[PDB]
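Structure record follows, encoded as structure tokens.
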There are 2 protein chains.
Amino acid sequence: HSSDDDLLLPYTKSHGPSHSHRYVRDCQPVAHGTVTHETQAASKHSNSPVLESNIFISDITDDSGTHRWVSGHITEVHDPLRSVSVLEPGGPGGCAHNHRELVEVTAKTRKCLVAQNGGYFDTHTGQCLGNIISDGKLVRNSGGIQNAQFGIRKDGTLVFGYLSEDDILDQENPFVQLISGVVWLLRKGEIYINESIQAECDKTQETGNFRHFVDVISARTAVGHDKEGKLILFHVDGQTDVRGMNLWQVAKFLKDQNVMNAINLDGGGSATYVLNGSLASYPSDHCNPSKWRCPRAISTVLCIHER
Amino acid sequence: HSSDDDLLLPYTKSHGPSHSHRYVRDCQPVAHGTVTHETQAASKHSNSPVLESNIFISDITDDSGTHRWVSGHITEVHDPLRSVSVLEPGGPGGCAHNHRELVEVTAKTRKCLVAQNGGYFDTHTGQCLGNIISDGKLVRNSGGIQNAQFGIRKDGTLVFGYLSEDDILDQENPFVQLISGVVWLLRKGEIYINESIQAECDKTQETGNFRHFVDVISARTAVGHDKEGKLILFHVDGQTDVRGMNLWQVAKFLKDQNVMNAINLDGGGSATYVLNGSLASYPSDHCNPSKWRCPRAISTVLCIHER
Ligand SMILES: *[C@@H]1O[C@H](CO[C@@H]2O[C@@H](C)[C@@H](O)[C@@H](O)[C@@H]2O)[C@@H](O[C@@H]2O[C@H](CO)[C@@H](O[C@@H]3O[C@H](CO)[C@@H](O)[C@H](O[C@H]4O[C@H](CO)[C@@H](O)[C@H](O)[C@@H]4O)[C@@H]3O)[C@H](O)[C@H]2NC(C)=O)[C@H](O)[C@H]1NC(C)=O
Ligand SMILES: *[C@@H]1O[C@H](CO[C@@H]2O[C@@H](C)[C@@H](O)[C@@H](O)[C@@H]2O)[C@@H](O[C@@H]2O[C@H](CO)[C@@H](O[C@@H]3O[C@H](CO)[C@@H](O)[C@H](O[C@H]4O[C@H](CO)[C@@H](O)[C@H](O)[C@@H]4O)[C@@H]3O)[C@H](O)[C@H]2NC(C)=O)[C@H](O)[C@H]1NC(C)=O
């Protein structure tokens with residue numbers, strides 16, 4: 001069991017901004033009009049593998065000129081409507097019980113080919129956070145908390161960005177999967193982090209810690225899509241302020257991989273990549289009894305499985 | 001398929017020294033008398049798990065004062081006689097056909113809980129190298145080539161060091177597993193690398209490349225045992241002259257983990273750690289078609305399985 005000692009928290013108080021979807025609409029740049037999310041038809045390649053999972057080891061140079069090697073995975077999903085599931089921790093109903101569980105354990109319940117940790121959660125109580133829809137079922141309605149969202153609609157539409165409560169409750173072309181992160185990294189192929197800071201953080205003293213959350217290097221995970229509508233999962237190992245990538249670096253890395261929209265999921269010691277049910281990354285938390293590293297018990301999971 | 005582009009080769013000519021076991025005996029330090037290998041009764045904990053597999057991420061400082069993070073795995077095996085197998089590539093008979101195969105593919109044929117790449121092989125032809133005994137069966141008799149050896153005898157004796165041909169053909173308490181590496185890292189708890197250079201390399205121009213093989217940082221793997229007779233498997237990710245550890249650093253790392261005898265197995269792009277049949281490390285070779293990394297098709301495999 002992990003010690004939970006690499007905590008990378010975007011908020012010091014309540015999770016998410018306090019302002020409404022309408023506030024987000026009214027503050028976004030004029031280029032985006034009145035619509036606060038993007039849509040893309042998912043790819044639907046029946047004559048292709050379910051996914052391709054690739055390992056990268058790359059040299060990143062930060063602003064100060066310092067070089068660092070980072071390691072991680074990029075996963076490309078060819079038929080997201082059929083193969084992608086947002087899973088509650090442990091099993092259906094896990095969120096109602098404030099249950100936390102390793103990615104690998106949750107992943108095995110659905111024989112996920114690739115699984116990563118998913119959304120944010122209360123690291124003291126285990127409470128789930130954000131909006132959650134799992135295989136067509138509404139698991140958690142945040143009441144319109146304005147954090148970055150990723151969803152899939154019944155007709156295969158991929159959705160990225162900010163959603164109202166009315167949006168997620170829509171019964172026309174309803175969401176079949178939905179999860180929330182913190183920070184919209186890329187919008188229409190451009191870095192959207194400064195816009196995210198304004199949308200997803202209260203304009204208070206909170207912004208200092210939130211900008212640190214953005215600027216510090218750590219382990220990170222993200223989900224996005226490319227121009228063909230393939231879903232892209234991203235993971236990079238790290239440790240807060242010691243190894244890994246900050247969100248500017250993640251967004252640039254994904255942009256160069258031709259990702260068009262992408263959101264940041266949970267990171268730090270939460271970041272986990274699981275291949276066919278086996279841990280296949282280097283987590284940053286220490287195990288309770290040693291100098292060894294241990295995967296963290298987390299909340300929702302993003303699972304890629306056979307159609 | 002991997003491009004085989006991180007090659008870490010100890011020899012520029014034929015594999016191994018040209019001199020006999022008697023030569024090795026006659027040149028070793030007086031402290032070791034006339035016996036050129038060590039023995040340890042294997043642990044036999046029936047009331048324990050098969051293995052414990054631990055992840056490390058550690059800061060290494062080299063001679064020049066330069067700091068680097070390295071990542072890898074330490075696996076502890078509680079009943080080695082029952083749980084450890086040396087596997088030919090692909091399946092029994094693979095060496096006879098100069099067959100190469102991914103660790104993960106070979107590992108799945110025996111449902112290995114943990115598997116690593118094993119011995120050296122000819123990177124042009126695929127020919128197996130060293131001595132090989134797999135589950136009691138003599139696969140390859142090198143004819144007494146004096147490289148570092150790891151074996152398990154029928155009565156559970158762990159054997160590390162230099163062996164004659166007569167030693168490996170012994171029908172009293174015969175070897176049930178046997179594999180060869182290059183360099184005996186630790187002997188009786190002390191670093192034995194300089195002694196290994198003398199034993200395992202011809203005293204010719206070859207020593208320059210061999211000392212580079214020892215001194216350069218790269219991905220590395222090793223096998224050893226602790227004072228209780230538990231088998232210890234070691235893996236560290238890396239890339240020759242860019243990331244990872246040199247053999248001095250590996251020996252010191254293992255010595256601090258209370259490893260008493262240990263040999264160096266194949267490294268560079270060969271180094272692979274596989275958990276329950278899934279790749280669970282970051283290989284250094286590039287894939288044939290990309291900037292992505294790919295596991296290498298290698299030769300023998302060290303497999304830990306259920307008794
Ligand atoms: C992403 O956004 C950050 C934050 O922007 C800042 O906060 C927002 C909440 C909002 O209020 C913005 O209006 C505001 O800029 C950007 O980081 C900021 O970048 C600006 C511009 O580079 C910096 O402004 C400078 O602040 C100095 C005091 O700390 C001040 O002395 C500077 O003025 C002097 O020097 C400059 C030349 O360097 C010159 O232009 C002036 O005329 C004067 O000589 C200047 O005002 C902020 O300090 C930065 N704030 C933080 C917290 O870093 C960031 O650049 C942006 N990134 C991208 C990629 O868009
Ligand atoms: C592991 O082994 C290496 C190799 O040892 C060398 O090669 C072997 C095959 C064998 O022949 C040995 O006899 C031989 O030493 C060790 O690395 C060597 O270390 C020695 C001693 O430190 C070095 O000797 C020095 O060589 C210089 C020329 O390059 C020479 O100028 C030096 O003499 C001057 O300076 C020293 C003080 O630094 C002083 O003692 C002298 O009196 C004189 O002022 C000195 O002779 C070798 O160059 C090293 N060789 C290589 C290839 O690095 C290594 O130390 C050892 N490691 C461990 C942990 O045991």
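Residues in the structure tokens are named by chain (A, B, ... in the order shown) and by number from 1 within that chain; ligands are numbered from 1 in the order shown.
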
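All residues in segment 93-168 of chain A with a DSSP state of strand (DSSP E), computed from the backbone, read residues 101, 102, 114, 115, 116, 117, 132, 133, 134, 137, 138, 139, 140, 149, 150, 151, 152, 153, 157, 158, 159, 160 and 161 of chain A.
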
With N, CA, C and O atoms kept, could you save the residues just selected as an mmCIF file, in the first residue's frame?
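Dumped to selection_11.cif:
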data_model
loop_
_atom_site.group_PDB
_atom_site.id
_atom_site.type_symbol
_atom_site.label_atom_id
_atom_site.label_comp_id
_atom_site.auth_asym_id
_atom_site.auth_seq_id
_atom_site.Cartn_x
_atom_site.Cartn_y
_atom_site.Cartn_z
ATOM 1 N N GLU A 101 -8.997 2.522 -4.878
ATOM 2 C CA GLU A 101 -8.417 1.250 -5.272
ATOM 3 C C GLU A 101 -7.339 1.490 -6.322
ATOM 4 O O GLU A 101 -7.387 2.471 -7.072
ATOM 5 N N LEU A 102 -6.359 0.586 -6.348
ATOM 6 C CA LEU A 102 -5.324 0.630 -7.371
ATOM 7 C C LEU A 102 -5.933 0.563 -8.763
ATOM 8 O O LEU A 102 -6.917 -0.133 -9.003
ATOM 9 N N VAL A 114 -5.395 -1.430 -21.709
ATOM 10 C CA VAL A 114 -4.627 -0.326 -21.149
ATOM 11 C C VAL A 114 -5.536 0.375 -20.170
ATOM 12 O O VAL A 114 -6.715 0.585 -20.467
ATOM 13 N N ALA A 115 -5.005 0.735 -19.008
ATOM 14 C CA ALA A 115 -5.764 1.538 -18.066
ATOM 15 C C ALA A 115 -4.862 2.590 -17.448
ATOM 16 O O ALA A 115 -3.671 2.354 -17.231
ATOM 17 N N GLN A 116 -5.425 3.758 -17.201
ATOM 18 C CA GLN A 116 -4.747 4.792 -16.442
ATOM 19 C C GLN A 116 -5.650 5.281 -15.330
ATOM 20 O O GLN A 116 -6.864 5.082 -15.348
ATOM 21 N N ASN A 117 -5.035 5.913 -14.343
ATOM 22 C CA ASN A 117 -5.830 6.596 -13.353
ATOM 23 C C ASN A 117 -6.623 7.689 -14.052
ATOM 24 O O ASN A 117 -6.262 8.159 -15.142
ATOM 25 N N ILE A 132 -19.221 12.219 -13.324
ATOM 26 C CA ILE A 132 -18.851 10.851 -13.666
ATOM 27 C C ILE A 132 -20.056 10.185 -14.302
ATOM 28 O O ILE A 132 -21.124 10.102 -13.681
ATOM 29 N N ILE A 133 -19.882 9.705 -15.526
ATOM 30 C CA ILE A 133 -20.833 8.828 -16.194
ATOM 31 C C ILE A 133 -20.044 7.612 -16.648
ATOM 32 O O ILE A 133 -19.000 7.754 -17.294
ATOM 33 N N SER A 134 -20.520 6.430 -16.278
ATOM 34 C CA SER A 134 -19.819 5.170 -16.515
ATOM 35 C C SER A 134 -20.746 4.244 -17.287
ATOM 36 O O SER A 134 -21.772 3.813 -16.761
ATOM 37 N N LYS A 137 -24.358 5.231 -17.313
ATOM 38 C CA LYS A 137 -25.000 5.421 -16.021
ATOM 39 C C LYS A 137 -24.423 6.644 -15.336
ATOM 40 O O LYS A 137 -23.201 6.795 -15.246
ATOM 41 N N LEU A 138 -25.306 7.510 -14.854
ATOM 42 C CA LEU A 138 -24.894 8.712 -14.149
ATOM 43 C C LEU A 138 -24.443 8.310 -12.756
ATOM 44 O O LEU A 138 -25.243 7.836 -11.943
ATOM 45 N N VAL A 139 -23.157 8.485 -12.485
ATOM 46 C CA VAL A 139 -22.573 8.120 -11.205
ATOM 47 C C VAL A 139 -22.480 9.317 -10.273
ATOM 48 O O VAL A 139 -22.806 9.216 -9.090
ATOM 49 N N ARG A 140 -22.053 10.461 -10.797
ATOM 50 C CA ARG A 140 -21.923 11.657 -9.982
ATOM 51 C C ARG A 140 -22.219 12.871 -10.836
ATOM 52 O O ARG A 140 -21.598 13.070 -11.881
ATOM 53 N N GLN A 149 -13.599 18.856 -18.784
ATOM 54 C CA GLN A 149 -14.326 17.604 -18.941
ATOM 55 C C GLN A 149 -13.886 16.857 -20.193
ATOM 56 O O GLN A 149 -13.496 17.461 -21.192
ATOM 57 N N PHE A 150 -13.991 15.532 -20.132
ATOM 58 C CA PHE A 150 -13.895 14.662 -21.295
ATOM 59 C C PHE A 150 -15.082 13.704 -21.293
ATOM 60 O O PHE A 150 -15.303 12.999 -20.307
ATOM 61 N N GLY A 151 -15.816 13.653 -22.401
ATOM 62 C CA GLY A 151 -16.938 12.745 -22.514
ATOM 63 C C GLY A 151 -17.065 12.168 -23.911
ATOM 64 O O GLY A 151 -16.496 12.671 -24.887
ATOM 65 N N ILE A 152 -17.842 11.094 -23.977
ATOM 66 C CA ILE A 152 -18.235 10.454 -25.224
ATOM 67 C C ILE A 152 -19.748 10.354 -25.221
ATOM 68 O O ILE A 152 -20.330 9.846 -24.254
ATOM 69 N N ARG A 153 -20.374 10.815 -26.299
ATOM 70 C CA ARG A 153 -21.822 10.785 -26.464
ATOM 71 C C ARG A 153 -22.231 9.538 -27.241
ATOM 72 O O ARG A 153 -21.415 8.891 -27.900
ATOM 73 N N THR A 157 -19.716 11.103 -30.538
ATOM 74 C CA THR A 157 -19.099 12.415 -30.450
ATOM 75 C C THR A 157 -18.175 12.463 -29.239
ATOM 76 O O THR A 157 -18.589 12.147 -28.120
ATOM 77 N N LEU A 158 -16.923 12.847 -29.470
ATOM 78 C CA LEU A 158 -16.000 13.156 -28.389
ATOM 79 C C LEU A 158 -16.210 14.601 -27.959
ATOM 80 O O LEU A 158 -16.331 15.503 -28.789
ATOM 81 N N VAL A 159 -16.238 14.829 -26.657
ATOM 82 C CA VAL A 159 -16.486 16.158 -26.104
ATOM 83 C C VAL A 159 -15.352 16.509 -25.154
ATOM 84 O O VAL A 159 -14.994 15.709 -24.284
ATOM 85 N N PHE A 160 -14.790 17.705 -25.318
ATOM 86 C CA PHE A 160 -13.730 18.217 -24.460
ATOM 87 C C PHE A 160 -14.046 19.650 -24.090
ATOM 88 O O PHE A 160 -14.392 20.453 -24.961
ATOM 89 N N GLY A 161 -13.885 19.974 -22.812
ATOM 90 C CA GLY A 161 -13.987 21.347 -22.354
ATOM 91 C C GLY A 161 -14.900 21.531 -21.162
ATOM 92 O O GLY A 161 -14.954 20.677 -20.265
#

Produce a table with one row for each residue of chain B that has an atom at most 10 Å from any atom of chain A, each row naming the nearest atom pair and its distance in Å at one decimal; use only C-alpha atoms; arrange rows by chain and rising residue number; format as JSON lines.
{"residue": "B:53", "atom": "CA", "partner": "A:292", "partner_atom": "CA", "distance": 9.7}
{"residue": "B:54", "atom": "CA", "partner": "A:292", "partner_atom": "CA", "distance": 6.0}
{"residue": "B:55", "atom": "CA", "partner": "A:293", "partner_atom": "CA", "distance": 5.3}
{"residue": "B:56", "atom": "CA", "partner": "A:292", "partner_atom": "CA", "distance": 5.2}
{"residue": "B:57", "atom": "CA", "partner": "A:293", "partner_atom": "CA", "distance": 7.3}
{"residue": "B:58", "atom": "CA", "partner": "A:291", "partner_atom": "CA", "distance": 9.1}
{"residue": "B:68", "atom": "CA", "partner": "A:68", "partner_atom": "CA", "distance": 9.5}
{"residue": "B:69", "atom": "CA", "partner": "A:243", "partner_atom": "CA", "distance": 8.7}
{"residue": "B:71", "atom": "CA", "partner": "A:282", "partner_atom": "CA", "distance": 7.5}
{"residue": "B:72", "atom": "CA", "partner": "A:282", "partner_atom": "CA", "distance": 8.1}
{"residue": "B:73", "atom": "CA", "partner": "A:292", "partner_atom": "CA", "distance": 9.1}
{"residue": "B:74", "atom": "CA", "partner": "A:292", "partner_atom": "CA", "distance": 9.2}
{"residue": "B:242", "atom": "CA", "partner": "A:69", "partner_atom": "CA", "distance": 9.7}
{"residue": "B:243", "atom": "CA", "partner": "A:69", "partner_atom": "CA", "distance": 8.7}
{"residue": "B:273", "atom": "CA", "partner": "A:280", "partner_atom": "CA", "distance": 9.5}
{"residue": "B:274", "atom": "CA", "partner": "A:280", "partner_atom": "CA", "distance": 8.7}
{"residue": "B:275", "atom": "CA", "partner": "A:278", "partner_atom": "CA", "distance": 6.3}
{"residue": "B:276", "atom": "CA", "partner": "A:278", "partner_atom": "CA", "distance": 6.7}
{"residue": "B:277", "atom": "CA", "partner": "A:278", "partner_atom": "CA", "distance": 8.4}
{"residue": "B:278", "atom": "CA", "partner": "A:275", "partner_atom": "CA", "distance": 6.3}
{"residue": "B:279", "atom": "CA", "partner": "A:280", "partner_atom": "CA", "distance": 6.6}
{"residue": "B:280", "atom": "CA", "partner": "A:280", "partner_atom": "CA", "distance": 3.9}
{"residue": "B:281", "atom": "CA", "partner": "A:280", "partner_atom": "CA", "distance": 6.4}
{"residue": "B:282", "atom": "CA", "partner": "A:55", "partner_atom": "CA", "distance": 6.9}
{"residue": "B:283", "atom": "CA", "partner": "A:55", "partner_atom": "CA", "distance": 8.3}
{"residue": "B:284", "atom": "CA", "partner": "A:57", "partner_atom": "CA", "distance": 8.1}
{"residue": "B:286", "atom": "CA", "partner": "A:56", "partner_atom": "CA", "distance": 9.3}
{"residue": "B:287", "atom": "CA", "partner": "A:54", "partner_atom": "CA", "distance": 9.4}
{"residue": "B:290", "atom": "CA", "partner": "A:54", "partner_atom": "CA", "distance": 9.5}
{"residue": "B:291", "atom": "CA", "partner": "A:56", "partner_atom": "CA", "distance": 7.3}
{"residue": "B:292", "atom": "CA", "partner": "A:56", "partner_atom": "CA", "distance": 5.2}
{"residue": "B:293", "atom": "CA", "partner": "A:55", "partner_atom": "CA", "distance": 5.3}
{"residue": "B:294", "atom": "CA", "partner": "A:55", "partner_atom": "CA", "distance": 7.3}
{"residue": "B:295", "atom": "CA", "partner": "A:55", "partner_atom": "CA", "distance": 9.8}

Which residues sit within 10 Å of ligand 1, counting only C-alpha atoms and all ligand atoms, listed as a PyMOL selection string? chain A and resi 191-195+197-198+203+207-208+211-212+215+248

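Atom pair atom 17 (O, counted along the ligand's line) of ligand 2 / atom CA of residue 66 of chain B: separated by 20.0 Å.
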
Just list the residues in segment 34-192 of chain B DSSP gives helix (DSSP H, G or I) on the backbone, as number ranges by chain. B: 80-83, 95-97, 103-108, 165-169

Could you list, as a ChimeraX atom specification, every residue within 9 Å of segment 222-226 of chain A, counting only C-alpha atoms and ignoring same-chain residues fewer than 5 positions away? /A:40,42,76,118,150,158,160,181,185-186,231-235,250,254,257-267

Could you dump the residues just selected with N, CA, C and O atoms as a short mmCIF file (atom, residue, chain, number, x, y, z; two decimals), in the first residue's frame?
data_model
loop_
_atom_site.label_atom_id
_atom_site.label_comp_id
_atom_site.auth_asym_id
_atom_site.auth_seq_id
_atom_site.Cartn_x
_atom_site.Cartn_y
_atom_site.Cartn_z
N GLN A 40 -15.78 16.39 -31.56
CA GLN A 40 -15.12 15.73 -32.69
C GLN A 40 -15.75 14.36 -32.87
O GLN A 40 -15.87 13.61 -31.91
N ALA A 42 -15.76 10.63 -33.36
CA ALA A 42 -14.73 9.67 -33.04
C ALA A 42 -14.39 8.85 -34.28
O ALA A 42 -15.23 8.64 -35.15
N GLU A 76 -2.98 5.25 -28.49
CA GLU A 76 -3.91 5.69 -29.53
C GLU A 76 -5.03 4.67 -29.66
O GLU A 76 -4.76 3.48 -29.85
N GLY A 118 -7.71 8.11 -13.40
CA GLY A 118 -8.66 8.99 -14.04
C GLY A 118 -8.78 10.30 -13.30
O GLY A 118 -7.86 11.12 -13.29
N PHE A 150 -13.99 15.53 -20.13
CA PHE A 150 -13.89 14.66 -21.29
C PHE A 150 -15.08 13.70 -21.29
O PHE A 150 -15.30 13.00 -20.31
N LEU A 158 -16.92 12.85 -29.47
CA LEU A 158 -16.00 13.16 -28.39
C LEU A 158 -16.21 14.60 -27.96
O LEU A 158 -16.33 15.50 -28.79
N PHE A 160 -14.79 17.71 -25.32
CA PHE A 160 -13.73 18.22 -24.46
C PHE A 160 -14.05 19.65 -24.09
O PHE A 160 -14.39 20.45 -24.96
N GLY A 181 -11.29 16.46 -15.29
CA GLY A 181 -9.94 16.71 -14.81
C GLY A 181 -9.80 18.09 -14.22
O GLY A 181 -10.74 18.65 -13.65
N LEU A 185 -5.84 21.58 -21.52
CA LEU A 185 -4.48 21.80 -21.99
C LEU A 185 -4.45 22.37 -23.40
O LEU A 185 -3.69 23.31 -23.69
N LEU A 186 -5.23 21.78 -24.30
CA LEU A 186 -5.25 22.15 -25.71
C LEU A 186 -6.69 22.33 -26.14
O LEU A 186 -7.53 21.46 -25.87
N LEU A 231 -8.78 8.64 -29.98
CA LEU A 231 -8.52 9.07 -28.61
C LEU A 231 -7.06 8.82 -28.27
O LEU A 231 -6.47 7.80 -28.65
N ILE A 232 -6.46 9.78 -27.58
CA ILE A 232 -5.05 9.74 -27.21
C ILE A 232 -4.98 9.79 -25.69
O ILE A 232 -5.50 10.72 -25.07
N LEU A 233 -4.36 8.77 -25.09
CA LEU A 233 -4.07 8.76 -23.66
C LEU A 233 -2.59 9.02 -23.45
O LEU A 233 -1.75 8.46 -24.16
N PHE A 234 -2.28 9.86 -22.48
CA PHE A 234 -0.91 10.27 -22.22
C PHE A 234 -0.58 10.06 -20.75
O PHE A 234 -1.40 10.34 -19.87
N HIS A 235 0.64 9.58 -20.50
CA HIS A 235 1.13 9.38 -19.15
C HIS A 235 2.61 9.73 -19.15
O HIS A 235 3.31 9.37 -20.09
N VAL A 250 3.58 19.43 -21.10
CA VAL A 250 2.65 18.41 -21.57
C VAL A 250 1.88 18.91 -22.78
O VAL A 250 1.75 18.21 -23.78
N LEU A 254 1.97 17.19 -26.49
CA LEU A 254 0.79 16.68 -27.16
C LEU A 254 0.52 17.44 -28.45
O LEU A 254 0.12 16.84 -29.46
N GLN A 257 2.39 16.05 -31.16
CA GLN A 257 1.83 14.77 -31.58
C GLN A 257 0.51 14.94 -32.32
O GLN A 257 -0.19 13.95 -32.55
N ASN A 258 0.15 16.18 -32.65
CA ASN A 258 -1.04 16.48 -33.44
C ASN A 258 -2.33 16.24 -32.66
O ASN A 258 -3.37 15.96 -33.24
N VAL A 259 -2.27 16.36 -31.34
CA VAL A 259 -3.47 16.37 -30.51
C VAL A 259 -4.12 17.73 -30.62
O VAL A 259 -3.45 18.77 -30.57
N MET A 260 -5.44 17.74 -30.78
CA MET A 260 -6.19 18.97 -31.02
C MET A 260 -6.92 19.49 -29.79
O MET A 260 -6.95 20.70 -29.55
N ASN A 261 -7.50 18.61 -28.99
CA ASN A 261 -8.09 18.99 -27.71
C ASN A 261 -7.63 17.96 -26.69
O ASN A 261 -7.56 16.77 -27.01
N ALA A 262 -7.36 18.42 -25.47
CA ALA A 262 -6.85 17.55 -24.43
C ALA A 262 -7.07 18.20 -23.08
O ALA A 262 -6.95 19.42 -22.94
N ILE A 263 -7.36 17.36 -22.07
CA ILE A 263 -7.48 17.81 -20.69
C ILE A 263 -6.50 17.03 -19.80
O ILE A 263 -6.08 15.91 -20.10
N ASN A 264 -6.12 17.69 -18.72
CA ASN A 264 -5.24 17.14 -17.70
C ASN A 264 -6.04 16.33 -16.68
O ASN A 264 -6.98 16.84 -16.07
N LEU A 265 -5.65 15.08 -16.47
CA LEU A 265 -6.26 14.25 -15.43
C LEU A 265 -5.36 14.27 -14.18
O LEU A 265 -4.51 15.14 -14.02
N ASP A 266 -5.58 13.33 -13.26
CA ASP A 266 -4.87 13.40 -11.97
C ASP A 266 -3.41 13.00 -12.16
O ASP A 266 -3.07 12.19 -13.02
N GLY A 267 -2.53 13.60 -11.36
CA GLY A 267 -1.10 13.39 -11.50
C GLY A 267 -0.39 13.19 -10.17
O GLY A 267 -1.00 12.73 -9.20
#

Expressed in Å, the length from atom CA of residue 229 of chain B to atom CA of residue 77 of chain B is 9.1 Å

Skip residue 49 of chain B itself and residues of its chain fewer than 3 positions away, then list as a VMD selection string all residues within 12 Å of it, counting only C-alpha atoms. chain B and resid 44 to 46 52 to 53 76 to 80 83 113 304 to 307
